[PDB]
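What follows is a single chain, given as C-alpha cells, in the form deposited in one PDB entry.
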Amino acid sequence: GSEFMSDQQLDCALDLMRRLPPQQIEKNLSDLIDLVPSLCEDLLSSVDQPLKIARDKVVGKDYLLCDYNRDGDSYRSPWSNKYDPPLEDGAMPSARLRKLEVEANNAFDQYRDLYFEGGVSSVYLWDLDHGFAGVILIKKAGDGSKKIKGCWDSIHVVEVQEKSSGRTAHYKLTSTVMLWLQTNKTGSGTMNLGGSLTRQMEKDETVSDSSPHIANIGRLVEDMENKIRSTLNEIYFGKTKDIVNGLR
C-alpha cells in the first residue's frame, strides 16, 4: 500500500532483512510481519524470497510463484491465466495486457532456454494508469548428482510508463538475482553460501513494430543479467573467500 510517506518501521524492516541470514528469509519474513502486520502488503511485495515452483495441471507446465501472481492463497498460471485454487474474483490483467503477457512468456521461455538450458520461467504483467508493470521470473537448479549444489533465482520487476502519442516509453528495471550454493563434504563440513544482489536501470526507448516492448524489455533484462552474473562471480567466489582468509 505504501500508505505512509515517513515510515521508520518500514525502513528498519528492510534494513533488518539485509542483515538476517538469507537462508531463513521465509520464516523471518513471516515473523517480521507478525511484528508489524500493517506492513504486510509492503513487505510481501518488497522482500524477495526464493522462488517456488507449481504445476499448472490444465496445460502440464510448471510456473513460478511470487507475490505478484498471488491473490489470497491462490496463484495465477501464466499459461492458462487461471488461479489455483479457483478464485471467482481474482486479480486479472486486462484482455489487451494478457495478450502481451502471453507473448512475453513465450519470449522469455526462449531467453531461459538459451541462457539457462533448463529451469523454469514465468512472466506476470499488471495494468497501470498510463502503462504497466511486470515481473520476469527464472529459476534454475544445478546438478543434483553433485556434492556441491547450486540454485539461481531471477526476479526482474519492470515498470513501463508509456507515451503513446510520442510512440516512446520509459522503462525502469529493478533486478534481483538470488544465488544459493551448499555442500556437506568431509573436509569443510557444512558450507552454505547464499543470498542476493539487486541492481536498477532506467532507459527511454522508441516503441514500434521493429522495437516492441518485449524487445526493449528483453534487452534490458539480458544486459542486467549478464552484468549481475559477473558481479555475483566476483562477490561470491572472490570477495567472500578473501574475507574468510582474512579471518585466519
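We call the rigid core the largest set of C-alpha positions that still match within 1.5 Å between the two forms. One-based numbering along the sequence shown. Only residues modelled in both forms are compared.
If you look for the form deposited in another entry, you will not find it shown, but the lines that follow are about it.
K.L.:
If you line up the core, which of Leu197, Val59, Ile53, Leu193 has a CA that moves 2 Å or more between the shown form and the other one?
P.N.:
With the rigid core fitted, the residue that moves is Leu193.
K.L.:
Does the C-alpha of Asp223 move 2 Å or more between the shown form and the other one once the rigid core is lined up?
P.N.:
Comparing forms between the shown form and the other one, the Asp223 CA shifts below 2 Å.
K.L.:
Taking the rigid core as the reference frame, tell me whether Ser210 has a CA displacement of 2 angstroms or more between the shown form and the other one.
P.N.:
No, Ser210 moves less than 2 Å.
K.L.:
Align both forms on the core first, then report whether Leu43 has a C-alpha shift of 2 Å or more between the shown form and the other one.
P.N.:
True for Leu43: a C-alpha shift of 2 Å or more.
K.L.:
Core superposition done; which regions of 3+ residues show CA shifts of at least 2 Å throughout between the shown form and the other one?
P.N.:
Flagged stretches (3+ res, CA at least 2 Å): 6 to 48, 146 to 148, 181 to 193, 240 to 248.
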